[PDB]
Amino acid sequence: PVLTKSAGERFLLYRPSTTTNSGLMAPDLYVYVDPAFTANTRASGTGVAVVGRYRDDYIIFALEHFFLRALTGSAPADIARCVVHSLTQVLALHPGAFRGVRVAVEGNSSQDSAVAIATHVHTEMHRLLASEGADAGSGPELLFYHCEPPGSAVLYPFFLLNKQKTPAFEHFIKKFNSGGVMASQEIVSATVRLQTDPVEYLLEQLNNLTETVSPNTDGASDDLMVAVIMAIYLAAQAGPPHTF
């Protein structure tokens, strides 16, 4: 009973443009992912959310509820074609617009996969722009979120979701029923059908939030929602993420 329907008419309604108003953006680009490694489950998709900043508010570029296909031996790489296949589409319609992006991968499933997952992300990102697109000779310049496991001093490029979920939700609903965030007119999708609305598909899933401690997800398929909210909590300030 959380996100107001007055905001939902607004957040569904207004379609601002980042093709023209790009110069009024922060040149950085947070992006989150939520890998779920099982298949054939209505909440086991993998979320994509990529967000930028205006002066004080936040703005959405692409959402992919990435299911797992059947018969997967190369499954982390497929997730890597998802998220990089998104970032290339954002950077594509935004020529010379962004300085550097920051990919976030959660490791609540395991710390083991996300290392080679983000490594395989930097692999294909490091592949693509040198092939074609434009002459951005290391233009959009990737960095990652490098975290520390509890009890291990070695920094790996991942993100724990331990203490952060409640201030992230409180930040998101702090902004969202105030009409802070918005979704771009040129919001990008690959997995969701170009016929159907992406923003409608988000807003259905946004409508399953819960109380002051927020034990959420009544339901199914929170991954887009949880993805957007961790993405926007990193769209504000926190500890520094860095280069790989």
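Treat every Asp and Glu Cβ in the chain as -1 and every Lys and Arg Cβ as +1, leave all other atoms uncharged, and give the resulting dipole magnitude about the Cα centre to the nearest 20 debye.
Value, rounded to 20: 220 debye.
Whole Å is fine, so just give me how far the alpha carbon centre of segment 196-244 lies from that of segment 121-185.
13
Have a look at the DSSP beta bridges in the chain and tell me what percent are antiparallel, nearest 5.
Here the share of antiparallel DSSP bridges comes out near 50 percent.
Report D for segment 190-244 in µm² per second (integer): Stokes-Einstein, Kirkwood Rh on Cα pairs, 37 °C, 0.692 mPa s.
So the translational diffusion coefficient is about 247 µm²/s.
Out of all Cα-Cα pairs in the chain, roughly what percent, to the nearest whole number, are more than 22 Å apart?
Tail of P(r) above 22 Å: 52 percent of Cα pairs.
Let me know the Rg and Dmax you get for segment 76-138 when you use only its Cα atoms, in Å.
Cα-based Rg and Dmax for segment 76-138 come out at 12.6, 38 Å.
Calculate for the chain the 222 nm mean residue ellipticity that helices alone would give, adding -39,500 (n - 2.57) per DSSP H run of length 4 or more and normalising by residue count, nearest 500 deg cm²/dmol.
-10500 deg cm²/dmol
In segment 150-244, how does Rg compare with the Kirkwood Rh, expressed as the Rg/Rh ratio over alpha carbon atoms?
Looking at segment 150-244, the ratio lands at 1.00.
Cβ sites come from the backbone with ideal geometry, for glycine too, and all protein chains shown count toward neighbours. Values quoted throughout were computed directly from the atomic coordinates according to the rules given, and no laboratory measurement underlies them.
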